[PDB]
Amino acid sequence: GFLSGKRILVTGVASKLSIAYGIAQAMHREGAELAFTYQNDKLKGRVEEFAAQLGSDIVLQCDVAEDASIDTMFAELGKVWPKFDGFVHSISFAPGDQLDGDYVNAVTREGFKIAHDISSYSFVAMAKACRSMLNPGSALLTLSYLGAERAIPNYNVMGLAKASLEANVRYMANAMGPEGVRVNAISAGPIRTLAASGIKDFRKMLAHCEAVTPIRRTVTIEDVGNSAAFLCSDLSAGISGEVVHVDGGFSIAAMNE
């Protein structure tokens, strides 16, 4: 596999429907050694379950809200992987009330802070903590969404956090490049997952992003997975600070009936 010999930390796996699960699955297939993290005691068991299916016995607890949680996690990974080759950041959050109805009315100072902290700061918080642990040629990857570029209904505050995320990607990519680290993000299209139920009326939202989509179908965790495996391999050595769209061309088209 074009990923053999690589050691990648995968986060955000919560179910077989999780985009991260599709990513881990595709990387394992390409020969990568994986390491997983779970947010809390509620998810641990299931993460270990999937971790086992992928020949991995490295399951660490990690809540990006707590800097100390992040330092303890990496201080632990360091006991088996003194050095690894990057990680996948697949984490987002915002209280439900932030994603419903008018944006100006729903958004609050508190909701704003949580969405940006958990969805955009955590990405660099993790890079800072494991900086010296990364081998040259390592790659860091995160997941964004079209709402960062266009204003989408009900997505509201997340759109601003995602915009911030993509900017984070470019600043991280620029600062860490001389060390041999690349940073990119995949801006995936609508995919029915667990949290995907958060946005109001998402069932009919994915139906819209099908007929108007160039390839005439929404993407799967497999599609994002293959692209994520590519962006974290040595085959994409010339790509850094890029936001590649994996939405079947949905964004590059307009008024498709």
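Just count from 1 along the sequence shown to find any residue number.
Two stretches are in play, 40 to 48 and 225 to 233, and the higher mean C-alpha B-factor belongs to 40 to 48.
Taking the PDB entry as given, 74 to 82 carries the higher mean Cα B factor of the two stretches 88 to 96 and 74 to 82. Ranked by Cα temperature factor within the chain, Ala32 sits in the middle third according to the deposited record. For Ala188, the recorded CA B-factor ranks within the lowest third of the chain. Only modelled residues enter the ranking. Placement of the Cα temperature factor of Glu110 within the chain: highest third of the modelled residues, per the deposited record.
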